[PDB]
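Please read the structure below before turning to the comments.
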Amino acid sequence: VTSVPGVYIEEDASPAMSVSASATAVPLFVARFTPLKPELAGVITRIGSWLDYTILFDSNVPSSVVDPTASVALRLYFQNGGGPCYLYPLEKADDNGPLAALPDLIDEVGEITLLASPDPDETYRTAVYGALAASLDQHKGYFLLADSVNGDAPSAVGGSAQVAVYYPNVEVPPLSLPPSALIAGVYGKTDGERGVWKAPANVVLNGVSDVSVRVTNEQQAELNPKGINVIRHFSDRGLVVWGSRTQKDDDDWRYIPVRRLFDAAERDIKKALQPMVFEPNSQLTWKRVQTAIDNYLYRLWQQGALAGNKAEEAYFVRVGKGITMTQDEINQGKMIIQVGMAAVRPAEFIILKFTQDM
Amino acid sequence: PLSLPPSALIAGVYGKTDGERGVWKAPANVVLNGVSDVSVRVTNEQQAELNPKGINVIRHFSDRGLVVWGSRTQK
């Protein structure tokens with residue numbers, strides 16, 4: 001309604017929200033989002049900032065004892081470290097039509113890394129976690145952020161290394177939210193400031209005040225030798241995410257930062273070698289591919305990602321015809337590359353051992 | 001007090017603006033030297049029906065004086 005070329009004044013605005021930039025934590029929040037224009041009802045839309053959410057989606061949605069919590073969960077996402085933030089509005093749980101078409105729509109968009117469905121209903125998430133469980137073991141690089149109900153895994157994703165469960169529901173001034181919308185925020189904050197090789201487990205959660213269940217040490221002692229990753233309350237600090245384990249009990253893929261380092265390195269090598277597809281499958285191309293991986297793995301080692309001291313102890317790239325291939329495999333049009341890395345594990349136990357003898 | 005059409009003054013402030021800022025700068029914050037007051041003090045609400053045409057009202061601001069206020073053409 002601006003027509004006079006002067007300066008206009010409004011008086012009951014809401015404060016705007018900042019958004020960060022990250023390439024390793026791009027989530028897909030599956031919740032009960034209510035669109036304004038109904039063409040984006042069964043598709044995935046990109047929400048670059050909070051201002052993009054208020055134009056495309058209804059951000060008020062007045063309550064009726066039920067309370068809409070999907071718009072509240074995104075405000076806590078951008079307060080904890082924003083992102084490009086893909087959304088999939090899925091209204092009710094039991095419609096097995098759009099849930100069967102969900103993993104085929106995720107692959108059409110190139111850049112989803114995290115899943116993290118932020119919904120307070122329990123049977124809603126079980127229908128989502130079961131529909132996404134088959135896409136986690138297909139080497140596509142996704143990472144599910146599940147939520148425990150009473151202190152255990154939701155059993156649709158039992159022991160895969162692509163899943164990080166987070167137990168306590170987090171209360172907002174009081175509606176209780178599942179913590180996956182906030183933890184998806186603190187991944188983007190940690191990766192931008194420290195890298196994917198850093199454990200995302202000392203970040204103080206902005207926004208929220210208190211968790212729904214104050215968890216002691218003795219019940220975390222039976223939970224942390226599973227991947228449960230309790231949100232703890234410390235009096236001097238506030239609400240600190242406390243735990244960086246996955247569902248896999250293997251010695252290799254036990255920790256979140258070791259797992260997401262390999263998922264991010266495989267994703268960036270894949271984006272670098274796609275210009276080298278449909279090249280002539282010759283020894284000149286195999287050395288151009290080996291150097292493009294060796295240049296990438298060197299600049300991870302020199303910024304602290306890989307656990308080495310010589311750069312021959314951190315990584316290796318191997319390609320050849322006597323090595324890693326046979327002549328029958330070149331003739332069917334493929335090259336086979338062996339890449340290895342060595343990551344560093346976090347220190348999660350500190351023993352003090354006091355005395356007064358000297 | 002004799003009332004003049006403003007085209008002799010606006011032709012002056014084009015040469016002042018282009019010499020100091022260039023032709024790509026909008027000539028619409030120049031305080032008119034010389035003259036004291038316009039013949040009609042134009043409100044916002046009648047400029048709101050005029051500025052979605054090219055009318056380009058000479059406005060009076062108390063701290064500044066007479067400021068040319070508007071940089072639209074007839075197209």
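If you're wondering about the labels, chains in the structure tokens are A, B, ... by order shown, residues count from 1 in each chain, ligands from 1 in order shown.
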Provide as a CSV table (one decimal) with C-alpha atoms, in the first residue's frame the residues of chain B at most 7 Å from chain A, counting only C-alpha atoms.
chain,number,residue,atom,x,y,z
B,44,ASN,CA,0.6,12.7,1.6
B,47,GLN,CA,0.4,12.7,-3.4
B,48,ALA,CA,-0.6,9.0,-2.9
B,51,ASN,CA,2.7,9.5,-7.5
B,52,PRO,CA,1.3,6.5,-9.3
B,70,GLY,CA,9.5,12.3,-6.9
- Task: Mind checking which residues fall within 7 Å of segment 199-216 of chain A, counting only C-alpha atoms, ignoring those fewer than 6 positions away in the same chain, and posting them as JSON, numbers by chain?
- Result: {"A": [76, 79, 80, 168, 169, 170, 171, 172, 186, 187, 190, 232, 238, 239, 240, 241, 242, 243, 244, 256, 257, 346]}
Next, dump the selected residues to file, keeping only C-alpha atoms, as a PDB file, in the first residue's frame.
ATOM      1  CA  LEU A  76      13.954 -23.076  17.267  1.00  0.00           C
ATOM      2  CA  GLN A  79      17.708 -19.801  16.468  1.00  0.00           C
ATOM      3  CA  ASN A  80      20.164 -22.696  16.839  1.00  0.00           C
ATOM      4  CA  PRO A 168      14.354 -35.886  26.383  1.00  0.00           C
ATOM      5  CA  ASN A 169      11.478 -33.840  25.043  1.00  0.00           C
ATOM      6  CA  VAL A 170      12.227 -30.147  25.348  1.00  0.00           C
ATOM      7  CA  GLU A 171       9.643 -27.695  26.672  1.00  0.00           C
ATOM      8  CA  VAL A 172       8.951 -24.235  25.250  1.00  0.00           C
ATOM      9  CA  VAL A 186      23.253 -27.382  16.267  1.00  0.00           C
ATOM     10  CA  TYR A 187      24.754 -29.639  13.610  1.00  0.00           C
ATOM     11  CA  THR A 190      29.032 -26.993  14.842  1.00  0.00           C
ATOM     12  CA  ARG A 232      21.285 -32.758  30.034  1.00  0.00           C
ATOM     13  CA  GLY A 238      21.787 -24.409  30.729  1.00  0.00           C
ATOM     14  CA  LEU A 239      20.631 -27.146  28.344  1.00  0.00           C
ATOM     15  CA  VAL A 240      23.619 -28.932  26.811  1.00  0.00           C
ATOM     16  CA  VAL A 241      23.411 -31.748  24.293  1.00  0.00           C
ATOM     17  CA  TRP A 242      25.419 -34.496  25.925  1.00  0.00           C
ATOM     18  CA  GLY A 243      26.353 -37.575  23.916  1.00  0.00           C
ATOM     19  CA  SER A 244      27.652 -38.265  20.408  1.00  0.00           C
ATOM     20  CA  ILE A 256      28.568 -39.370  15.263  1.00  0.00           C
ATOM     21  CA  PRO A 257      31.588 -37.249  14.127  1.00  0.00           C
ATOM     22  CA  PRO A 346      36.598 -37.808  20.884  1.00  0.00           C
TER      23      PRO A 346
END
- Task: Compile the contact shell of segment 36-40 of chain B as a PyMOL selection string: residues with an atom at most 9 Å away, counting only C-alpha atoms, same-chain residues fewer than 6 positions apart removed.
- Result: chain B and resi 3+58-60+65-66
- Got a sec: who's within 12 Å of residue 300 of chain A, counting only C-alpha atoms, leaving out chain neighbours fewer than 3 positions off, as JSON, numbers by chain? {"A": [195, 196, 197, 261, 262, 264, 265, 268, 269, 293, 294, 295, 296, 297, 303, 304, 305, 306, 307, 308, 311, 314, 315, 341, 342, 343]}
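Straight-line separation from atom CA of residue 74 of chain A to atom CA of residue 92 of chain A: 18.9 Å.
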- Task: From a DSSP pass on the backbone, collect the residues of segment 59-228 of chain A flagged as helix (DSSP H, G or I) and hand them back as a VMD selection string.
- Result: chain A and resid 70 to 79 96 to 100 102 to 108 122 to 131 180 to 193 217 to 220
- Query: So how many Å separate atom CA of residue 259 of chain A and atom CA of residue 162 of chain A, to one decimal?
  - Reply: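 Result for atom CA of residue 259 of chain A versus atom CA of residue 162 of chain A: 7.7 Å, one decimal.
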- Query: Can you tell me how far atom CA of residue 48 of chain A sits from atom CA of residue 116 of chain A, in Å to one decimal?
  - Reply: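 Computed distance, atom CA of residue 48 of chain A to atom CA of residue 116 of chain A, equals 17.3 Å.
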- DSSP strand (DSSP E or B) selection over segment 4-74 of chain B, as a list in words: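 DSSP on the backbone gives strand (DSSP E or B) at residues 31, 58, 59, 60, 61, 65, 66, 67 and 68 of chain B.
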For the residues in that selection, give me N, CA, C and O atoms as an mmCIF file, in the first residue's frame.
data_model
loop_
_atom_site.group_PDB
_atom_site.id
_atom_site.type_symbol
_atom_site.label_atom_id
_atom_site.label_comp_id
_atom_site.auth_asym_id
_atom_site.auth_seq_id
_atom_site.Cartn_x
_atom_site.Cartn_y
_atom_site.Cartn_z
ATOM 1 N N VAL B 31 17.353 20.600 -2.424
ATOM 2 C CA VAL B 31 16.654 21.720 -1.817
ATOM 3 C C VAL B 31 16.739 22.905 -2.765
ATOM 4 O O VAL B 31 17.829 23.281 -3.210
ATOM 5 N N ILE B 58 6.653 18.911 -5.596
ATOM 6 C CA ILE B 58 7.560 19.730 -4.798
ATOM 7 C C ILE B 58 6.977 19.827 -3.394
ATOM 8 O O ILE B 58 5.931 20.456 -3.193
ATOM 9 N N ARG B 59 7.644 19.219 -2.421
ATOM 10 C CA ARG B 59 7.160 19.164 -1.051
ATOM 11 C C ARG B 59 7.902 20.164 -0.178
ATOM 12 O O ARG B 59 9.007 20.604 -0.499
ATOM 13 N N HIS B 60 7.278 20.517 0.939
ATOM 14 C CA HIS B 60 7.895 21.365 1.947
ATOM 15 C C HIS B 60 8.166 20.551 3.202
ATOM 16 O O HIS B 60 7.244 19.966 3.780
ATOM 17 N N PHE B 61 9.425 20.513 3.612
ATOM 18 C CA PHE B 61 9.837 19.916 4.873
ATOM 19 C C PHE B 61 10.355 21.028 5.773
ATOM 20 O O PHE B 61 11.051 21.930 5.303
ATOM 21 N N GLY B 65 13.305 22.713 3.954
ATOM 22 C CA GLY B 65 12.843 23.764 3.070
ATOM 23 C C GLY B 65 11.962 23.232 1.964
ATOM 24 O O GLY B 65 11.009 22.499 2.233
ATOM 25 N N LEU B 66 12.269 23.575 0.716
ATOM 26 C CA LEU B 66 11.518 23.089 -0.438
ATOM 27 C C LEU B 66 12.358 22.035 -1.139
ATOM 28 O O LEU B 66 13.400 22.353 -1.719
ATOM 29 N N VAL B 67 11.900 20.792 -1.095
ATOM 30 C CA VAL B 67 12.626 19.656 -1.646
ATOM 31 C C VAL B 67 11.813 19.084 -2.793
ATOM 32 O O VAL B 67 10.615 18.821 -2.641
ATOM 33 N N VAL B 68 12.455 18.906 -3.948
ATOM 34 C CA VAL B 68 11.815 18.178 -5.033
ATOM 35 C C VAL B 68 11.701 16.710 -4.638
ATOM 36 O O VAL B 68 12.631 16.111 -4.092
#
- Message: Residues within 10 Å of segment 53-56 of chain A, please, as an NGL selection string. Count only C-alpha atoms; anything in the same chain fewer than 2 positions from it doesn't count.
- Response: :A and (34-38 or 40 or 45-51 or 58-60 or 71 or 74-75 or 85 or 87)
Grab the residues selected above and save them as an mmCIF file, in the first residue's frame with N, CA, C and O atoms.
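What follows is the written file result38.cif:
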data_model
loop_
_atom_site.group_PDB
_atom_site.id
_atom_site.type_symbol
_atom_site.label_atom_id
_atom_site.label_comp_id
_atom_site.auth_asym_id
_atom_site.auth_seq_id
_atom_site.Cartn_x
_atom_site.Cartn_y
_atom_site.Cartn_z
ATOM 1 N N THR A 34 1.182 -26.291 7.485
ATOM 2 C CA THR A 34 -0.039 -25.903 6.791
ATOM 3 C C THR A 34 0.288 -24.862 5.733
ATOM 4 O O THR A 34 0.672 -23.735 6.082
ATOM 5 N N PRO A 35 0.174 -25.187 4.450
ATOM 6 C CA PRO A 35 0.494 -24.211 3.407
ATOM 7 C C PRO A 35 -0.560 -23.121 3.303
ATOM 8 O O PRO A 35 -1.680 -23.244 3.802
ATOM 9 N N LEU A 36 -0.176 -22.032 2.644
ATOM 10 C CA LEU A 36 -1.124 -20.978 2.300
ATOM 11 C C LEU A 36 -1.721 -21.222 0.918
ATOM 12 O O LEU A 36 -2.942 -21.331 0.773
ATOM 13 N N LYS A 37 -0.878 -21.315 -0.091
ATOM 14 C CA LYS A 37 -1.364 -21.699 -1.409
ATOM 15 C C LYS A 37 -1.209 -23.204 -1.592
ATOM 16 O O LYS A 37 -0.111 -23.736 -1.389
ATOM 17 N N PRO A 38 -2.268 -23.920 -1.975
ATOM 18 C CA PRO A 38 -2.292 -25.379 -1.823
ATOM 19 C C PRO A 38 -1.575 -26.167 -2.909
ATOM 20 O O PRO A 38 -1.781 -27.380 -2.986
ATOM 21 N N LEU A 40 1.698 -26.566 -3.009
ATOM 22 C CA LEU A 40 2.817 -27.205 -2.320
ATOM 23 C C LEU A 40 2.327 -28.028 -1.128
ATOM 24 O O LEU A 40 2.767 -27.887 0.006
ATOM 25 N N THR A 45 9.541 -28.436 -0.506
ATOM 26 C CA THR A 45 9.881 -27.054 -0.811
ATOM 27 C C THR A 45 11.105 -26.621 -0.016
ATOM 28 O O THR A 45 11.328 -27.079 1.108
ATOM 29 N N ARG A 46 11.886 -25.723 -0.605
ATOM 30 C CA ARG A 46 13.073 -25.179 0.039
ATOM 31 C C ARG A 46 12.711 -23.897 0.776
ATOM 32 O O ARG A 46 12.059 -23.013 0.212
ATOM 33 N N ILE A 47 13.137 -23.798 2.031
ATOM 34 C CA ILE A 47 12.818 -22.669 2.898
ATOM 35 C C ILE A 47 14.141 -22.043 3.314
ATOM 36 O O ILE A 47 14.749 -22.451 4.308
ATOM 37 N N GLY A 48 14.583 -21.032 2.561
ATOM 38 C CA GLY A 48 15.923 -20.501 2.749
ATOM 39 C C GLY A 48 16.107 -19.699 4.022
ATOM 40 O O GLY A 48 17.225 -19.592 4.528
ATOM 41 N N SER A 49 15.031 -19.131 4.555
ATOM 42 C CA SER A 49 15.097 -18.360 5.787
ATOM 43 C C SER A 49 13.740 -18.427 6.468
ATOM 44 O O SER A 49 12.804 -19.049 5.964
ATOM 45 N N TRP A 50 13.632 -17.776 7.627
ATOM 46 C CA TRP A 50 12.348 -17.717 8.316
ATOM 47 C C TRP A 50 11.363 -16.824 7.573
ATOM 48 O O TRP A 50 10.148 -17.028 7.651
ATOM 49 N N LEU A 51 11.876 -15.835 6.839
ATOM 50 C CA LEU A 51 11.017 -14.975 6.031
ATOM 51 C C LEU A 51 10.381 -15.751 4.883
ATOM 52 O O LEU A 51 9.268 -15.434 4.453
ATOM 53 N N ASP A 58 1.596 -20.974 6.489
ATOM 54 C CA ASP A 58 0.912 -20.257 7.555
ATOM 55 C C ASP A 58 1.720 -20.403 8.835
ATOM 56 O O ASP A 58 1.941 -21.520 9.310
ATOM 57 N N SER A 59 2.166 -19.281 9.390
ATOM 58 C CA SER A 59 3.041 -19.311 10.550
ATOM 59 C C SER A 59 2.326 -19.002 11.856
ATOM 60 O O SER A 59 2.952 -19.091 12.915
ATOM 61 N N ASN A 60 1.046 -18.636 11.817
ATOM 62 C CA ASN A 60 0.304 -18.378 13.056
ATOM 63 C C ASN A 60 -0.439 -19.637 13.496
ATOM 64 O O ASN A 60 -0.083 -20.241 14.512
ATOM 65 N N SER A 71 5.270 -24.909 13.326
ATOM 66 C CA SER A 71 5.871 -23.600 13.120
ATOM 67 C C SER A 71 6.752 -23.174 14.284
ATOM 68 O O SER A 71 7.663 -22.367 14.089
ATOM 69 N N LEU A 74 10.355 -24.846 13.801
ATOM 70 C CA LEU A 74 11.286 -24.225 12.867
ATOM 71 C C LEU A 74 11.906 -22.952 13.410
ATOM 72 O O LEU A 74 13.026 -22.615 13.020
ATOM 73 N N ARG A 75 11.202 -22.219 14.272
ATOM 74 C CA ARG A 75 11.811 -21.044 14.881
ATOM 75 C C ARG A 75 12.962 -21.443 15.798
ATOM 76 O O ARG A 75 14.001 -20.778 15.823
ATOM 77 N N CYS A 85 17.018 -25.898 4.672
ATOM 78 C CA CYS A 85 15.823 -26.346 5.398
ATOM 79 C C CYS A 85 14.647 -26.798 4.530
ATOM 80 O O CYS A 85 13.650 -26.080 4.420
ATOM 81 N N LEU A 87 11.304 -28.764 3.537
ATOM 82 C CA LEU A 87 10.121 -29.151 4.294
ATOM 83 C C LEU A 87 9.238 -30.066 3.461
ATOM 84 O O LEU A 87 9.130 -29.895 2.245
#
Shell of 10 Å around residue 28 of chain B, only C-alpha atoms, local chain residues under 2 positions omitted, as a PDB file with C-alpha atoms, in the first residue's frame:
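Full text of result.pdb as output:
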ATOM      1  CA  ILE B  10      14.015  21.841 -11.911  1.00  0.00           C
ATOM      2  CA  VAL B  13      18.702  21.077 -10.293  1.00  0.00           C
ATOM      3  CA  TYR B  14      19.251  18.572 -13.091  1.00  0.00           C
ATOM      4  CA  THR B  17      22.735  16.718  -9.738  1.00  0.00           C
ATOM      5  CA  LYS B  25      21.239   9.518  -9.736  1.00  0.00           C
ATOM      6  CA  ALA B  26      17.611  10.412  -9.072  1.00  0.00           C
ATOM      7  CA  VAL B  30      17.670  18.739  -3.932  1.00  0.00           C
ATOM      8  CA  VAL B  31      16.654  21.720  -1.817  1.00  0.00           C
ATOM      9  CA  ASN B  56       6.600  14.595  -8.911  1.00  0.00           C
ATOM     10  CA  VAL B  57       5.401  16.916  -6.171  1.00  0.00           C
ATOM     11  CA  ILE B  58       7.560  19.730  -4.798  1.00  0.00           C
ATOM     12  CA  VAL B  67      12.626  19.656  -1.646  1.00  0.00           C
ATOM     13  CA  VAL B  68      11.815  18.178  -5.033  1.00  0.00           C
ATOM     14  CA  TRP B  69      10.178  14.892  -4.156  1.00  0.00           C
ATOM     15  CA  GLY B  70       9.540  12.335  -6.883  1.00  0.00           C
ATOM     16  CA  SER B  71      11.482  10.948  -9.845  1.00  0.00           C
ATOM     17  CA  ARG B  72       8.933   9.303 -12.150  1.00  0.00           C
TER      18      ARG B  72
END
- Task: Would you mind telling me which residue in B:49, B:22, B:35, B:64 lies nearest to residue 1 of chain B when using only C-alpha atoms?
- Result: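 Going through B:49, B:22, B:35, B:64 one by one, the smallest distance to residue 1 of chain B is for B:35.
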- Item | Which residue of A:155, A:302, A:291, A:96 approaches residue 337 of chain A most closely, using only C-alpha atoms | A:291
What lies within 10 Å of segment 31-33 of chain A using only C-alpha atoms, ignoring chain neighbours under 2 positions off, as a JSON list (two decimals) with C-alpha atoms, in the first residue's frame?
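Heads up, here's the output in around-v1.json:
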[["chain", "number", "residue", "atom", "x", "y", "z"],
["A", 28, "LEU", "CA", 14.03, -32.44, 5.74],
["A", 29, "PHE", "CA", 11.50, -31.69, 8.47],
["A", 35, "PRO", "CA", 0.49, -24.21, 3.41],
["A", 36, "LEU", "CA", -1.12, -20.98, 2.30],
["A", 41, "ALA", "CA", 0.82, -29.80, -0.40],
["A", 57, "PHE", "CA", 3.37, -21.40, 4.92],
["A", 58, "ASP", "CA", 0.91, -20.26, 7.55],
["A", 59, "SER", "CA", 3.04, -19.31, 10.55],
["A", 61, "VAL", "CA", -2.22, -21.29, 12.84],
["A", 68, "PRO", "CA", 0.12, -26.55, 16.35],
["A", 69, "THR", "CA", 3.83, -27.09, 16.97],
["A", 70, "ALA", "CA", 5.32, -27.35, 13.47],
["A", 71, "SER", "CA", 5.87, -23.60, 13.12],
["A", 73, "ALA", "CA", 9.86, -26.15, 15.83],
["A", 87, "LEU", "CA", 10.12, -29.15, 4.29],
["A", 88, "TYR", "CA", 7.60, -31.89, 3.50],
["A", 89, "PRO", "CA", 4.07, -31.13, 4.77],
["A", 90, "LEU", "CA", 2.45, -34.42, 5.77],
["A", 91, "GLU", "CA", -0.87, -33.88, 7.50],
["A", 92, "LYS", "CA", -2.07, -37.12, 9.11],
["A", 93, "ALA", "CA", -0.03, -40.19, 9.95],
["A", 116, "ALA", "CA", 14.92, -35.27, 11.71],
["A", 117, "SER", "CA", 11.09, -35.27, 11.68],
["A", 118, "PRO", "CA", 9.95, -32.78, 14.44],
["A", 119, "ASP", "CA", 6.52, -33.95, 15.56],
["A", 120, "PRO", "CA", 5.20, -34.42, 19.12],
["A", 121, "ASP", "CA", 2.95, -37.38, 18.25],
["A", 124, "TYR", "CA", 3.28, -40.14, 13.61],
["A", 125, "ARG", "CA", 7.06, -40.51, 13.83],
["A", 128, "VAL", "CA", 7.88, -41.74, 9.18]]
